[PDB]
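One letter stands for each residue in the lines below.
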Amino acid sequence: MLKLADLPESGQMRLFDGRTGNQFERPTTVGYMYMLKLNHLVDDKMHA
Amino acid sequence: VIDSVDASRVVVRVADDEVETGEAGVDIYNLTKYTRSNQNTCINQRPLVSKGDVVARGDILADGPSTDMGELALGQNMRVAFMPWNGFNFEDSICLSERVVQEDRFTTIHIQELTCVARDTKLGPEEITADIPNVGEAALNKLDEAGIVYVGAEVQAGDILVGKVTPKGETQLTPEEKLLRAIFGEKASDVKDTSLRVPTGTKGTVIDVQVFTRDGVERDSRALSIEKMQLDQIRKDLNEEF
Amino acid sequence: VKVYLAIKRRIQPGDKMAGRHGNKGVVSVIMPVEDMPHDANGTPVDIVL
Amino acid sequence: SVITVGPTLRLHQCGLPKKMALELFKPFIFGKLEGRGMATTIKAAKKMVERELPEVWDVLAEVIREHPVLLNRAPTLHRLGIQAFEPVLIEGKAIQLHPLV
Amino acid sequence: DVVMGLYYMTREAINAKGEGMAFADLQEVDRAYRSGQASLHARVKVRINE
Amino acid sequence: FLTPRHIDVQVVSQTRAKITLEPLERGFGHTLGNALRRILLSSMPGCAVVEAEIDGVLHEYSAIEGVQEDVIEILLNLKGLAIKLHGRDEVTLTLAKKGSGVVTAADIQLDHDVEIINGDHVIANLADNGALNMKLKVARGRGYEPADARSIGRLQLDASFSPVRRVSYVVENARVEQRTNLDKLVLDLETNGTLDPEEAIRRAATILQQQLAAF
Amino acid sequence: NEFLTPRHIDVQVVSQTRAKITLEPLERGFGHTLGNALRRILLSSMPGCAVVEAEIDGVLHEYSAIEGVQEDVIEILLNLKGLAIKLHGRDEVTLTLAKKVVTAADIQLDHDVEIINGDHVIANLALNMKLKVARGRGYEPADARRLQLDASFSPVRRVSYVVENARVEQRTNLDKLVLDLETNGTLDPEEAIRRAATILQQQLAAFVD
Amino acid sequence: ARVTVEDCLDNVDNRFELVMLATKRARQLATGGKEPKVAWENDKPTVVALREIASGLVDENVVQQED
């Protein structure tokens, strides 16, 4: 499923540095993580 | 088949196979509106069907909160990499991007409750009266002649919502208090104002107010507006099912 | 009486964010879309772990 | 409150949001407001710190740069759970902290 | 994160671009590394004003 | 020591467009591409629906008759709408439709300075039970502005405009017979059609010159 | 649509070769943008002059040592690599030094090249060389295109910046710029910042309106 | 420019009496009877007191004579 959609097989993408602009001499891993939202906000716990 | 889809209620038709002789098409479904849960979070039902489609037994018509188009859909997804970036994800921390605040992806809306009572004391009774002392222009502009803020008004931090005036007798006032009362020329009001307000850090918009009165007691005009809105909504859904 | 006040809370710096495999975390600030590293396709990364 | 990490701050300083910075420095802002000569009262001072005026941050930032604060975890484990830092003026509701502490 | 920075920063590499090169000083090496042609791990030679 | 002139705007779609200005020297192309993306992704003048007042429902949560979607869904569809404004900051728009038919973004009554881009974005679904009626008040902002920082029917919304979504830079090797390494850059500006990409580059040029005139 | 114009308030100067400028009034996402762009245009390329060719006497390779110096020929080459040379007349000149502790001002030079760091020690007497400098816009390594060696043409030495939030009355989320620089001494820090930013002015000034 | 107590902690090696000395110095500064030696760098009297402690300008007998 990684190799059929024009994506690298090990998740070893080649990324570009947005801050410094120097080319990374190492392949990185990106993707999509489905995360959750919690009932641990600041507004219900803030005591003023 | 589905005749008409509305966000308040949905109706479906009954086929000739799984039906009785009399009262063939009778199927109402009151969708849960924006009410209060137990942990002060909002709950609602969103329809995911169209007009002119057939359904089956046990089909999903309207999904609740954190459910979309028939399946459980709790959160959202975004592009995620594994990198310690500038100490923002220091040990196990998170570093977001401007897409989640610009597209309102992982934002959440809570429904905050505020229960105010209007009791009866031995020195003087209380009522929902809009004529409250120590009320400025910004507080009086939000509340009506009854004493309750209108449906859908912007509530800021430190706003008076409900109307509650309590009396007092033999307060033993200081000369400084009567001096500051006589300087401004205001009347010596012996009735205090114990109306509830919002806590610090809450600045939102109200959606509805629920009022309960005793049997054989005087009713507020805001209560009359609430019960007349509820009865015209009930008569509207009875008329549409008829 | 009881009034139902709805707060339109947004993303603020310091909210709680965890995934599905028990990785508790707190967001730091609202960093822009350019500071994150991007690939050659055109889609920059959003939430870096 | 809840904490978060701030990596752009030194060891001799930290971050702190203005919504709690208006109240944790309340006798200091009352003394500065009654000593500089803008408002000698305290009820108008409460009204101007609850009305979110524009000048409250300019008169409040004098006791942010060089004024210590204390911060303690509510589950206390050892003696390093309490600390001292220096706040700055940021936005939001939660507190940024030093990473290496 | 800081210890992975010191780990991936200081390394004994076999094959890289700029193997056997000479650096003038510490900040000249910082200029030469950030130019985009030098690697973070390479067998190089530099004097130190310690 | 050459200045980048005679740019070429390669428009391959209504969202994405390629622009290659000139091949730079050895080490300059990544620098100019990173600087241009760092300034273009920061803040661009876009437009979004910041205010919305409905005459059928008082607030933005309770449902009404005739509308299939929820009011949260219709305000999400309004804040997800791409709108183009030429020379006006605030303009009042209306929306009204009666009948059993769907409504798209072309059904909104535009003006001489109000232009609609998308036509496939479905606004809502109607029925024969009831109808809807609401007014749209949009504004042009610089950066992100929430409803908390910025009568009874006034309902505030957050500024959610996105003038640019997906950009990157791809370096190549060219030859114009003046040096050894000539690195040219390709910039895929993907926008929502609310503004011109060349005008966005000119706006970022004015921002960088107004920011570096002080130094 | 009103943008905030930045104004230079203070400039903390501690020495002639190290300065620390700041920029208080900025926007939310423009401060880190301008700071990282300025750091990039100082680290990437800057037009200058540096030693691109070297030659030793009696040592063909870098491993062969010489006689007449308490240090090694490795130390002599690393000492001559650390010089700062600025010139504007010619493009490639060859410098010759013939001395039998020496200084940097003992090299035979004409009026075209201007020596700045003349107190830099090269060798220690206890010696002939042929150095050639050239103009370079970017970094020219030894692999791409003791004979060939590296060259540092940029007068800047170390760029660093930390951006933090400031005290803003009219707005909420606006951060300031703190920038620390160190140079070779041949150029002023603010003049080097201006001479690096003027190519960013010229690259998009004709396109702007 | 920064709050540094190491210049006194490496000098007196006590970490006890400098708290009382900076206490009396800050009280004399807030009382308005004694002028500070080092100039103000947009700070409170605490930073000036700890800087006068770490610089070695005020001692126990000097603060007792200033009282």
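Listed as the method for this PDB entry is cryo-EM; the listed resolution is 5.8 Å.

**Q** Could you give an account of the overall build of chain C, with specific residues and numbers?
**A** Scanning chain C from N- to C-terminus turns up 0 helices and 4 strands. In chain C, the succession of helices and strands from N to C terminus is β-β-β-β.

**Q** So what about the interface of chain A and chain C? Which residues, and what values?
**A** With 14 residues of chain A at the interface, the matching set in chain C holds 16 residues. At the level of elements, β1 (15-16) and β2 (30-34) of chain A are the ones that each hand at least two residues to the side of chain A that touches chain C. Here the side of chain A that touches chain C is composed, by residue class, of 9 nonpolar, 2 polar and 3 charged. The pairing of strand β3 (residues 36-37) of chain A with strand β2 (residues 17-18) of chain C spans 2 bridges and is antiparallel. Residue pairing for β2 of chain C: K37 of chain A is matched across the bridge by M17 of chain C.

**Q** Hey, could you go over the interface of chain B and chain C for me, with residue numbers and the actual values?
**A** Contacts between the two partners involve 46 residues from chain B and, on the opposite side, 33 residues from chain C. When contributions to the side of chain B that touches chain C are tallied by element, the ones reaching two or more residues are β10 (77-81), α1 (99-102), β11 (108-115) and β14 (205-210) of chain B. Counting residues per element, the side of chain B that touches chain C draws most heavily on β11 of chain B, at 8 residues. Along the lines of polarity and charge, the residues of the side of chain B that touches chain C split into 26 nonpolar, 11 polar and 9 charged. By the bridge criterion, 5 bridges tie β14 of chain B to strand β1 (residues 2-9) of chain C in an arrangement that is antiparallel. Of the residues in β1 of chain C, the one forming a bridge with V206 of chain B is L5 of chain C.

**Q** How would you explain the environment of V71 of chain F if you had to name every residue and give the values?
**A** All names here are of chain F. Among the secondary structure elements, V71 is positioned in helix α2 (residues 71-79). Separated by 10 residues in sequence, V71 and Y61 have C-alpha atoms that sit 5.6 Å apart. In this structure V71 touches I54, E60, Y61, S62 and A63, once residues within four positions along its chain are discounted.

**Q** Residue-level account of the packing of aromatic side chains, with values.
**A** Taking the centre distance of 5.1 Å and the plane angle of 25° together, the rings of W85 of chain B and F88 of chain B count as stacked. Here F25 of chain D and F28 of chain D contribute two aromatic rings whose centre-to-centre distance is 6.2 Å and whose plane-to-plane angle is 55°, an arrangement assigned as tilted. Above the ring of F207 of chain G, the side-chain terminus of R202 of chain F is found at 4.1 Å from the ring centroid. The aromatic ring of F28 of chain F is capped on one face by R137 of chain G, whose charged end is 4.5 Å from the ring centroid.

**Q** Lay out the environment of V178 of chain G with the relevant residues and their values.
**A** Residue and element names in this part refer to chain G. Mapped onto the secondary structure, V178 falls in strand β9 (residues 175-183). Each C-alpha atom, one on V178 and one on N165, is 10 Å from the other, the two residues being 13 residues apart in sequence. Once residues lying within four places of it in the same chain are set aside, the contact partners of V178 are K20, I21, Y161, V162 and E164.

**Q** Break down the packing of helix α2 (residues 17-31) of chain H against helix α3 (residues 45-54) of chain H for me, with residues and values.
**A** Residues and elements named next belong to chain H. Contact geometry of α2 with α3 gives a least axis separation of 9 Å together with a crossing angle of 130°. Put simply, α2 runs oblique to α3. As α2 runs across α3, the sense of the crossing is right-handed. Across the interface between the two elements, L18, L21, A22, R25, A26 and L29 of α2 pack against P45, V48, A49, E52 and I53 of α3. Grouping the amino acids of the contact of α2 with α3 by side-chain chemistry returns 9 nonpolar, no polar and 2 charged.

**Q** Before we move on, could you go through the packing of helix α3 (residues 197-212) of chain F against helix α3 (residues 189-204) of chain G and cite the residues and values that matter?
**A** Two numbers describe how α3 of chain F lies on α3 of chain G: the axes approach to 10 Å, and their chain directions differ by 150°. For the element pair α3 of chain F / α3 of chain G, the angle class is roughly antiparallel. The way α3 of chain F lies across α3 of chain G gives a crossing that is left-handed. Two secondary-structure elements touch here, α3 of chain F through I201, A205, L208, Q209 and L212 of chain F and α3 of chain G through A197, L200, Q201 and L204 of chain G. Looking at the contact of α3 of chain F with α3 of chain G residue by residue, the classes come out as 7 nonpolar, 2 polar and no charged.

**Q** Which residues make up the sheet that holds strand β2 (residues 16-20) of chain F, and what values go with them?
**A** Strand-to-strand pairing in sheets goes through backbone hydrogen bonds, with the strands running parallel or antiparallel. Residue and element names in this part refer to chain F. An order of β1-β2-β11-β10 is seen for the 4 strands of this open sheet, with the pairing classed as antiparallel. The sheet terminates laterally at β1 (8-11) and β10 (169-171), the two strands that pair on one side only. In this sheet, adjacent strand axes meet at a mean angle of 20° when their direction is disregarded. Inspection of the sheet shows β10 paired to strand β11 (residues 185-190) by 3 bridges, in the antiparallel sense. The partner of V170 across the bridge, within β11, is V186. Across the sheet, helix α1 (residues 29-40) is in contact with β10 and β11; its angle to β10 comes to roughly 175°.

**Q** Give me the side chain of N165 of chain G: which residues, what numbers.
**A** Looking at the secondary structure, you find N165 of chain G in strand β8 (residues 156-165). Engagement of the side chain of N165 of chain G in a polar contact is seen with the side chain of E91 of chain D, the distance being 2.7 Å. Other than its neighbours up to four places away in sequence, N165 of chain G contacts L89, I90 and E91 of chain D together with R28, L174 and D175 of chain G.

**Q** An account of the pairing of β10 of chain B is needed here, citing residue identities and associated values.
**A** Pairing of β2 of chain A with β10 of chain B, which is carried by 5 bridges, proceeds in the antiparallel orientation. Directly across from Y34 of chain A, in β10 of chain B, lies its bridge partner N77 of chain B. In the sheet, β10 of chain B pairs with strand β4 (residues 47-48) of chain C via 2 bridges, with the strands oriented parallel. In the sheet register, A81 of chain B faces β4 of chain C, and the bridge partner there is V48 of chain C.

**Q** I'd like a rundown of the sheet that holds β9 of chain G, residues and numbers included.
**A** Residues and elements named next belong to chain G. Judged by pairing direction, the sheet is antiparallel, and its 4 strands sit side by side in the order β1-β2-β9-β8 without closing on themselves. Of all the strands in the sheet, just β1 (11-13) and β8 have a single pairing partner and so form its edges. Each strand axis lies, on average, 15° off the axis of its neighbour in the sheet, ignoring direction. In this sheet, β9 lies alongside β8 in antiparallel orientation, the contact comprising 9 bridges. Paired with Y161 across the two strands is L179, which belongs to β9. Most of the contacts of helix α1 (residues 31-43) go to β8, to which it runs at about 175°, and overall it touches β8 and β9.

**Q** Just give me the short version of the environment of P146 of chain F, but keep the residues and values in it.
**A** By the secondary structure assignment, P146 of chain F is in the loop between β9 (132-141) and β10. Discounting chain neighbours no more than four positions away, the residues touching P146 of chain F are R10 of chain C together with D158 of chain F.

**Q** Account for the pattern of salt bridges, naming residues and giving values.
**A** Here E53 of chain F and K137 of chain F are joined by a salt bridge, their closest N and O atoms 3.4 Å apart. Linking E53 of chain F in strand β3 (residues 46-54) with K137 of chain F in strand β9, this pair joins segments that are 84 residues apart in sequence. The network of salt bridges with common partners includes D6, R9 and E240 of chain B.

**Q** Outline the arrangement of the chains, supporting the account with residue identities and numerical values.
**A** For this structure, the chain pair with the highest number of contacts among 17 pairs of chains in contact is chains B and C. Between chain A and chain H there is no contact, and the shortest C-alpha to C-alpha distance separating them is 25 Å.

Cut-offs and rules
Residues numbered from 1 in each chain as written, not as in the entry; some residues may be left out. Chains lettered and ligands numbered in written order. Part of a larger assembly, values for the part shown. Heavy atoms only, no water. Residues with missing side-chain atoms left out of burial classes, pairs and counts. Helix = DSSP H or I, 4+ residues; strand = E, 2+ residues; numbered from the N terminus. Contact = heavy atoms within 4.5 Å. Nonpolar A, V, L, I, M, F, W, Y, C, P; charged D, E, K, R; others polar. Pairing = 2+ DSSP bridges. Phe/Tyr/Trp six-rings, centres within 6.5 Å; stacked < 30°, edge-to-face > 60°. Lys NZ or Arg CZ within 6 Å of the ring centre and 35° of its normal. Axes fitted to C-alpha atoms, helices over the stretch in contact; angles between N-to-C directions. Parallel < 35°, antiparallel > 145°, perpendicular 65-115°, else oblique. Left-handed = near helix turned anticlockwise from the far one by under 90°. Polar contact = N/O pair within 3.5 Å; in protein donor to acceptor, adjacent residues only side chain to side chain. Salt bridge = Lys/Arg side-chain N within 4 Å of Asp/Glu carboxyl O.

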